[PDB]
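Novice: Please find one structure pasted underneath; my questions will follow.
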Amino acid sequence: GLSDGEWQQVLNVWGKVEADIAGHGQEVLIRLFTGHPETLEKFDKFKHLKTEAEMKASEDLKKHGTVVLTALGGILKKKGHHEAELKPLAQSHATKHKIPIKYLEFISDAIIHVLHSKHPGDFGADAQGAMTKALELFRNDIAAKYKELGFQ
Ligand code: HEM
């Protein structure tokens, strides 16, 4: 649960992402894959990537970063009223992709890391707090759907 002022911060931060969605999306995925190499194994289309240089050169990885962040941005713009948008993603990630909730924690922390890395000194303490709360809400509502499905 976020206040109006917290949502305002989230959507202000998101404007930084929307100025370069592919560059942010690329770096988020690279931070996830290099920090948590077990996550790469969930992607049949990226498992061939052995080095970070290959990851950086992959145009398909940048494409998938755009898909991921476009979906998250659509959810965030709903300011918590995201049941219809979140349900298919929870279902696909539990039943088809088999993504444990732990990996959604990993990607949430990776988003925070990338924002500080690309905007050092321009991602303030209030903005980090609000973004963290929004990603927690997203993860918590997915977790409720995972429990319904019995997925671990
Ligand atoms: C911010 C969190 C994330 C969002 C919004 C997101 C969004 C999406 C979207 C929109 C798709 C395509 C449609 C679909 O299959 O439902 C997708 C595919 C996928 N997601 Fe996620 N995702 C997230 C996190 C993750 C994480 C943490 C993993 C794995 C560690 C992952 C693994 C996948 C895989 C394996 C695919 C299929 C890729 C392919 O072969 O085309 N997702 N995701």
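Easy rule for this one: first residue shown is 1, then count along the chain.
If you're wondering, the header gives X-ray crystallography, 1.4 Å.
Every residue, even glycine, has its Cβ placed from backbone N, Cα and C.
What Swiss-Prot lists as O2 binding site is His64, and the listing cites similarity to another entry. The nitrite binding site annotation in Swiss-Prot covers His64. The heme b binding site feature in Swiss-Prot is assigned to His93; the stated evidence is experimental evidence. What Swiss-Prot lists as domain 'Globin' is 1-147. Look at Swiss-Prot and you will find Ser3 tagged as phosphoserine.
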Novice: From the Cα of the residue listed as 'heme b binding site' across to the Cα of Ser3 (phosphoserine), what is the distance in angstrom?
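Specialist: The Cα atom of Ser3 (phosphoserine) is 28 Å away from the Cα atom of the residue listed as 'heme b binding site'.
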Novice: Same-chain residues six or more away whose CB lies under 8 A from the CB of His64 (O2 binding site)?
Specialist: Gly25, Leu29, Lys45, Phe46
Novice: According to DSSP, collapsed to three classes, what secondary structure does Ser3 (phosphoserine) have?
Specialist: coil
Novice: Provide the number of Cβ atoms within 10 Å of the Cβ of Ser3 (phosphoserine), excluding the reference atom itself.
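Specialist: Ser3 (phosphoserine): 10 neighbouring Cβ atoms within 10 Å.
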